[PDB]
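So this block is upload_13.txt, compact mmCIF, C-alpha atoms:
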```txt
# COMPACT_ATOMS: atom_id res chain seq x y z
CA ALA A 17 13.66 10.54 -6.30
CA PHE A 18 10.58 10.93 -8.37
CA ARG A 19 7.64 8.70 -8.71
CA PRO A 20 4.89 8.34 -11.25
CA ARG A 21 1.69 10.30 -10.65
CA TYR A 22 -1.81 9.11 -11.51
CA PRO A 23 -3.11 11.41 -14.24
CA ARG A 24 -6.05 13.87 -14.07
CA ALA A 25 -7.82 11.62 -16.54
CA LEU A 26 -8.16 8.87 -13.94
CA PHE A 27 -9.82 11.16 -11.44
CA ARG A 28 -11.98 12.67 -14.18
CA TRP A 29 -13.19 9.17 -15.14
CA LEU A 30 -14.05 8.46 -11.48
CA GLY A 31 -15.98 11.76 -11.40
CA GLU A 32 -18.05 10.61 -14.39
CA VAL A 33 -18.81 7.04 -13.24
CA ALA A 34 -19.70 8.00 -9.69
CA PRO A 35 -23.39 8.61 -8.96
CA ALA A 36 -22.51 12.14 -7.87
CA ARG A 37 -19.45 14.28 -7.16
CA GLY A 38 -19.95 14.94 -3.47
CA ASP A 39 -17.73 12.54 -1.52
CA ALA A 40 -14.69 10.43 -2.33
CA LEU A 41 -13.02 7.94 0.00
CA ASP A 42 -9.26 7.30 -0.45
CA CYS A 43 -8.66 3.90 1.15
CA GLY A 44 -5.03 3.49 2.27
CA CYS A 45 -4.16 7.02 1.26
CA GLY A 46 -0.55 7.14 2.57
CA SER A 47 0.52 10.76 2.58
CA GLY A 48 -2.19 11.84 0.17
CA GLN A 49 -0.53 10.93 -3.08
CA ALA A 50 -3.96 10.50 -4.82
CA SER A 51 -6.11 12.51 -2.46
CA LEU A 52 -5.53 15.89 -4.06
CA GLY A 53 -6.30 14.37 -7.45
CA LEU A 54 -9.69 13.25 -6.22
CA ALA A 55 -10.32 16.72 -4.81
CA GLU A 56 -10.32 18.17 -8.36
CA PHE A 57 -13.55 16.24 -9.13
CA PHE A 58 -15.16 15.62 -5.75
CA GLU A 59 -16.34 18.23 -3.24
CA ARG A 60 -15.08 16.35 -0.18
CA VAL A 61 -12.33 13.82 0.06
CA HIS A 62 -12.11 11.52 3.06
CA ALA A 63 -8.68 9.91 3.19
CA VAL A 64 -7.74 7.15 5.58
CA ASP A 65 -4.55 5.29 6.39
CA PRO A 66 -3.61 3.22 9.44
CA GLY A 67 -0.06 4.61 9.46
CA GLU A 68 0.19 7.54 11.87
CA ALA A 69 3.49 8.71 10.33
CA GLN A 70 1.92 8.75 6.83
CA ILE A 71 -1.05 10.77 8.06
CA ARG A 72 1.17 13.17 10.02
CA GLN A 73 3.04 13.95 6.76
CA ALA A 74 -0.07 14.03 4.56
CA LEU A 75 -0.45 16.88 2.10
CA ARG A 76 -2.95 19.44 3.26
CA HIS A 77 -5.78 20.52 0.99
CA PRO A 78 -8.90 22.52 2.05
CA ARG A 79 -11.23 19.77 0.87
CA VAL A 80 -9.31 16.71 2.01
CA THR A 81 -9.80 15.36 5.52
CA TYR A 82 -7.27 12.79 6.67
CA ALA A 83 -7.66 10.28 9.45
CA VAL A 84 -5.69 7.54 11.04
CA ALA A 85 -7.85 4.47 10.56
CA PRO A 86 -7.82 1.21 8.67
CA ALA A 87 -9.70 1.03 5.40
CA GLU A 88 -12.11 -1.47 6.93
CA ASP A 89 -13.09 0.83 9.85
CA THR A 90 -13.12 4.43 8.55
CA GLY A 91 -15.45 5.85 11.17
CA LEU A 92 -17.39 7.70 8.42
CA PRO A 93 -21.17 8.10 8.53
CA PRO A 94 -23.10 5.45 6.69
CA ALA A 95 -24.35 6.21 3.13
CA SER A 96 -22.01 9.14 2.72
CA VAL A 97 -19.62 8.16 -0.09
CA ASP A 98 -19.98 8.40 -3.88
CA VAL A 99 -16.66 6.82 -4.86
CA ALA A 100 -13.94 4.85 -3.08
CA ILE A 101 -10.47 4.09 -4.42
CA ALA A 102 -7.64 1.94 -3.24
CA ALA A 103 -4.52 3.02 -5.09
CA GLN A 104 -1.72 1.89 -2.64
CA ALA A 105 -2.03 -1.89 -2.90
CA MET A 106 -4.78 -2.69 -0.40
CA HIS A 107 -2.05 -3.04 2.18
CA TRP A 108 -3.03 -5.19 5.03
CA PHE A 109 -6.70 -5.19 3.96
CA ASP A 110 -9.03 -7.97 5.09
CA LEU A 111 -11.00 -7.98 1.84
CA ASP A 112 -14.28 -9.21 3.28
CA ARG A 113 -14.32 -6.71 6.14
CA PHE A 114 -13.37 -4.05 3.60
CA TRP A 115 -16.29 -4.91 1.33
CA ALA A 116 -18.65 -4.71 4.33
CA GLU A 117 -17.32 -1.29 5.13
CA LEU A 118 -17.78 -0.07 1.56
CA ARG A 119 -21.37 -1.30 1.58
CA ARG A 120 -21.97 0.59 4.79
CA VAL A 121 -20.54 3.92 3.61
CA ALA A 122 -21.81 3.75 -0.02
CA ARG A 123 -24.56 5.81 -1.47
CA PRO A 124 -26.66 3.98 -4.08
CA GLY A 125 -24.61 3.43 -7.18
CA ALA A 126 -21.31 4.33 -5.49
CA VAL A 127 -18.21 3.10 -7.26
CA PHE A 128 -15.24 1.25 -5.86
CA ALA A 129 -12.03 1.19 -7.94
CA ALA A 130 -8.84 -0.74 -7.14
CA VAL A 131 -6.09 1.00 -9.12
CA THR A 132 -2.46 0.08 -9.82
CA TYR A 133 0.05 0.44 -12.59
CA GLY A 134 2.45 -1.81 -14.44
CA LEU A 135 5.99 -1.84 -15.76
CA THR A 136 7.33 1.45 -17.02
CA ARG A 137 7.74 1.77 -20.81
CA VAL A 138 9.85 4.34 -22.69
CA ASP A 139 10.87 3.09 -26.12
CA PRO A 140 12.00 -0.16 -27.48
CA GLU A 141 15.77 0.34 -26.86
CA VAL A 142 15.35 1.59 -23.33
CA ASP A 143 12.70 -1.06 -22.63
CA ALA A 144 15.12 -3.87 -23.56
CA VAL A 145 17.55 -2.66 -20.91
CA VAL A 146 14.77 -2.27 -18.31
CA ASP A 147 13.51 -5.75 -19.12
CA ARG A 148 16.98 -7.19 -18.49
CA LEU A 149 17.11 -5.37 -15.14
CA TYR A 150 13.64 -6.41 -14.06
CA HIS A 151 13.44 -10.02 -15.35
CA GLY A 152 17.18 -10.71 -15.28
CA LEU A 153 19.43 -8.99 -12.81
CA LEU A 154 16.65 -8.54 -10.19
CA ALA A 155 14.76 -11.77 -10.73
CA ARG A 156 15.89 -13.24 -7.38
CA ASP A 157 15.10 -9.99 -5.58
CA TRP A 158 11.43 -9.35 -6.16
CA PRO A 159 9.50 -8.74 -2.98
CA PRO A 160 7.07 -11.25 -1.50
CA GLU A 161 4.31 -11.92 -3.99
CA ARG A 162 1.22 -9.72 -3.79
CA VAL A 163 -0.85 -11.70 -6.23
CA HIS A 164 -3.69 -9.24 -6.66
CA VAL A 165 -1.83 -5.96 -7.21
CA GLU A 166 0.72 -7.78 -9.45
CA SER A 167 -2.04 -9.05 -11.67
CA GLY A 168 -3.45 -5.52 -12.08
CA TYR A 169 -6.24 -6.75 -9.80
CA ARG A 170 -7.36 -9.33 -12.40
CA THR A 171 -7.24 -11.99 -9.66
CA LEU A 172 -8.88 -9.88 -6.95
CA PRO A 173 -12.06 -11.63 -5.64
CA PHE A 174 -14.45 -8.80 -6.51
CA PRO A 175 -18.00 -8.89 -5.24
CA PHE A 176 -19.49 -5.90 -7.14
CA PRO A 177 -21.04 -5.75 -10.62
CA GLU A 178 -18.20 -4.39 -12.69
CA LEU A 179 -17.60 -1.44 -14.86
CA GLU A 180 -15.33 -1.64 -17.93
CA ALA A 181 -12.53 0.78 -17.21
CA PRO A 182 -11.01 2.65 -20.19
CA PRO A 183 -7.36 2.38 -21.08
CA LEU A 184 -5.38 4.92 -19.09
CA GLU A 185 -1.68 5.55 -18.51
CA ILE A 186 0.66 7.47 -16.31
CA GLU A 187 2.84 9.88 -18.31
CA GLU A 188 5.98 11.64 -17.14
CA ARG A 189 8.68 13.58 -19.00
CA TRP A 190 11.97 12.46 -17.48
CA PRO A 191 15.70 12.62 -18.33
CA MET A 192 17.83 9.56 -17.59
CA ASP A 193 18.88 10.58 -14.11
CA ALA A 194 15.22 10.95 -13.00
CA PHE A 195 14.37 7.61 -14.53
CA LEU A 196 17.30 5.94 -12.66
CA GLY A 197 16.15 7.62 -9.52
CA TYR A 198 12.75 6.09 -10.06
CA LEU A 199 14.21 2.62 -10.64
CA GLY A 200 16.04 3.07 -7.35
CA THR A 201 12.62 3.09 -5.63
CA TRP A 202 11.86 -0.47 -6.64
CA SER A 203 11.88 -2.85 -3.71
CA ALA A 204 13.86 -5.29 -5.84
CA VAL A 205 16.72 -2.80 -6.25
CA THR A 206 17.09 -2.49 -2.47
CA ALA A 207 16.84 -6.23 -2.05
CA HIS A 208 19.52 -6.79 -4.69
CA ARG A 209 21.84 -4.46 -2.79
CA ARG A 210 21.19 -6.33 0.45
CA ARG A 211 21.90 -9.65 -1.13
CA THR A 212 24.94 -8.83 -3.24
CA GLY A 213 26.31 -5.53 -1.93
CA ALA A 214 26.33 -4.34 -5.54
CA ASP A 215 24.24 -1.58 -7.03
CA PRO A 216 22.28 -3.00 -9.93
CA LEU A 217 21.62 0.46 -11.30
CA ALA A 218 25.33 1.14 -11.65
CA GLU A 219 25.57 -2.16 -13.45
CA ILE A 220 22.93 -1.29 -16.01
CA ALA A 221 23.75 2.42 -16.44
CA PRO A 222 26.14 2.04 -19.39
CA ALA A 223 23.58 0.05 -21.35
CA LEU A 224 20.87 2.46 -20.35
CA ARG A 225 22.90 5.48 -21.54
CA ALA A 226 23.59 3.85 -24.83
CA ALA A 227 19.83 3.23 -25.26
CA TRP A 228 18.84 6.65 -23.97
CA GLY A 229 21.24 8.73 -26.00
CA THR A 230 21.98 12.14 -24.55
CA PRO A 231 21.11 11.47 -20.93
CA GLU A 232 19.90 14.97 -20.15
CA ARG A 233 17.15 14.80 -22.76
CA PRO A 234 13.73 14.15 -21.20
CA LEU A 235 11.84 11.24 -22.73
CA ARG A 236 8.19 10.33 -22.46
CA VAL A 237 7.89 7.66 -19.80
CA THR A 238 4.63 5.77 -19.37
CA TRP A 239 3.10 3.13 -17.08
CA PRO A 240 -0.08 1.33 -18.00
CA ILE A 241 -2.85 1.73 -15.44
CA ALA A 242 -4.90 -1.31 -14.30
CA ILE A 243 -8.29 -0.82 -12.69
CA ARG A 244 -10.91 -3.19 -11.32
CA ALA A 245 -14.07 -1.21 -10.63
CA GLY A 246 -17.73 -1.77 -9.84
CA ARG A 247 -20.82 -0.50 -8.18
CA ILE A 248 -20.83 -1.17 -4.44
CA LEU A 249 -24.63 -0.85 -4.23
CA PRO A 250 -27.19 -0.70 -7.00
CA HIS A 251 -28.63 2.64 -8.13
```
What would the structure in this file look like if it were written as structure tokens?
Amino acid sequence: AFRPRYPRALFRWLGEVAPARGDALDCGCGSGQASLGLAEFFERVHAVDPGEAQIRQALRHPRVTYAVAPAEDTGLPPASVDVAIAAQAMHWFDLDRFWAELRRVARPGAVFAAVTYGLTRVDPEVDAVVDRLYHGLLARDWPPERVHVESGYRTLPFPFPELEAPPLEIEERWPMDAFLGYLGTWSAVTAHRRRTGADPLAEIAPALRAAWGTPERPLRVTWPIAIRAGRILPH
């Protein structure tokens, strides 16, 4: 199964807004899914996640240092970070302890960005089918509400003077089978199977093929990126 990747443009934007390009902190890094992206624009990447299994499987890079730690207690030296990102949903974060930690590690002007993405879009025919899946067939099966990440962090209590983030999107070039594989990663798809014993992707596949046309043809698939960003400490 394949998953959307944050684009180079996101990391490039972080490289420009940061006060310098020395040190990036990846807060809740999982297995390094965004860490290598940061490494393109920042000299050192410090990546933390509390999950030992995630860190054990993390993708090695010469300039990325991983550690098992919560985002709120990184162990990093104070005043050592130019940018910090949380791009895996701020999972299990105590926001107020987290903000204290960012203030401790930040250099003057350092940027924090909470980053997520929204519902995949392809074209209007395919989107109608996806909308029926997401809002219709899976409506009872959405996972427990995570108000902040679901709002694109619009609702996140955010204590830092904010930047205006530019419009950005994830872009992939996927044939139908890759796109179905991706839909199969949604929590709601698993939950639907647990509840009904039926595969909702099998149910929608005829309609999806009709919308797709020739299933082997790769289409441009996008996801809109949502960012809430600001300066942790003043310049």
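Counting only C-alpha atoms and comparing A:116, A:243, A:85, A:40, the residue that lies closest to residue 22 in chain A is A:243.
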(request) Using all atoms listed in the file, find the one residue out of A:26, A:154, A:165, A:237 that sits nearest to residue 192 in chain A. (result) A:237
(message) For a quick check of understanding, using only C-alpha atoms, which of A:94, A:67, A:234, A:140 has the smallest distance to residue 120 in chain A?
(response) A:94
(request) Might you pull out every residue within 10 Å of range 205-216 of chain A, with all atoms listed in the file counted and same-chain residues fewer than 3 positions away left off, and present them as a list in words? (result) residues 149, 150, 153, 154, 155, 156, 157, 158, 159, 199, 200, 201, 202, 219, 220 and 221 of chain A
(request) Write out as an MDAnalysis selection string the residues lying within 12 Å of range 54-62 of chain A, counting only C-alpha atoms and excluding same-chain residues fewer than 2 positions away. (result) chainID A and resid 22:45 48:52 64:65 76:85 87 90:93 96:103 121
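Take the candidates A:106, A:196, A:63, A:131 and check each one against residue 224 in chain A using all atoms listed in the file; the shortest distance goes to A:196.
For the residues A:183, A:229, A:197, A:175, ranking by smallest atom-to-atom distance to residue 142 in chain A using only C-alpha atoms places A:229 first.
Straight-line separation from CA of residue 250 in chain A to CA of residue 126 in chain A: 7.9 Å.
Using only C-alpha atoms for every distance, the candidate list A:105, A:17, A:145, A:111 yields A:105 as the residue closest to residue 132 in chain A.
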(request) Report the distance between CA of residue 20 in chain A and CA of residue 128 in chain A in Å, rounded to one decimal place. (result) 22.0 Å
(request) Starting from the point (5.9, 4.1, -19.9), work out which residues of protein, DNA or RNA have an atom no more than 8 Å away when counting all atoms listed in the file; state them as a ChimeraX atom specification. (result) /A:135-138,185-187,236-240
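Across the model, the gap from CA of residue 167 in chain A to CA of residue 228 in chain A is 28.9 Å.
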Taking all atoms of range 95-109 of chain A that appear in the file, build a box with edges along x, y and z, extend it by 3 Å on every side, and state its centre and edge lengths in Å to one decimal, as lines of an AutoDock Vina configuration file.
```
center_x = -13.0
center_y = 2.0
center_z = 0.0
size_x = 28.6
size_y = 20.3
size_z = 16.1
```
(request) Quick one: everything within 8 Å of residue 18 in chain A, counting all atoms listed in the file, minus sequence neighbours fewer than 6 positions away in the same chain. Send it as a list in words. (result) residues 194, 195, 197 and 198 of chain A
